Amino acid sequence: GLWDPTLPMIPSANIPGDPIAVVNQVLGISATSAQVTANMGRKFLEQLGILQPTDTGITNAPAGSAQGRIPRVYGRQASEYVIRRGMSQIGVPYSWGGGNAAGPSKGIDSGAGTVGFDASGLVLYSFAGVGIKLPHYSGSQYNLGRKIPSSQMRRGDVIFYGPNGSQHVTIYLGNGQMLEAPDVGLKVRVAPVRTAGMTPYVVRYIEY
């Protein structure tokens, strides 16, 4: 069928725009995922010794382009940092709609009372570390980056499920394993890759 039958066979949470990611009610500040992501991207480019005054910190390639802000020679480093971030969230609860560029967060609808990640939330949190800004909806993530045939998926690529990649999204780890925020009552986990419902392409956000 069109869907991974192990998960709800509906589109994933679709959270619009640029959500507030950090709130500090004692200091009286707040900032959005795009703000947190830009800050992290500038930090990453500075640690590579390549920050420029024109850099906002957002490092995405134009969708479909093989050329992004992060040089190819540094792409493996960037990818491993993204994976490190994601893997550091192993054991955090799933929450439908949960997560932002700063970490897990309260979800929506069903996940309104649970601080955690959903699938696209975990992916956007992970990639935000190197300035790769992603929308909080798997289907919209699928339209960014560069498509790679799923048969040629590589560690750091992003695997999608459902029509238009609308159901679920995970980070491929290589060796037939993926990092995911799977479903209600579970935790961020490493799991075997599932092919049911998988889109015919994975997405690459970082070239190397």
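Position 1 is the first residue in the sequence shown; the rest follow in order.
As the entry records it, the average C-alpha temperature factor is higher for 107 to 115, out of 131 to 139 and 107 to 115.
Taking the PDB entry as given, 24 to 32 carries the higher mean Cα B factor of the two stretches 24 to 32 and 154 to 162. For the set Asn175, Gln167, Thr59, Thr170, the PDB entry puts the maximum C-alpha B factor at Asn175.
The entry assigns its greatest Cα B factor, within the set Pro182, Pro53, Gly145, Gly41, to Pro53. Among the modelled residues of the chain, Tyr201 sits in the middle third by CA temperature factor in this PDB entry. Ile15: CA B factor lies in the highest third for its chain, per the PDB record. The PDB entry assigns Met9 a C-alpha temperature factor belonging to the highest third of its chain's modelled residues.
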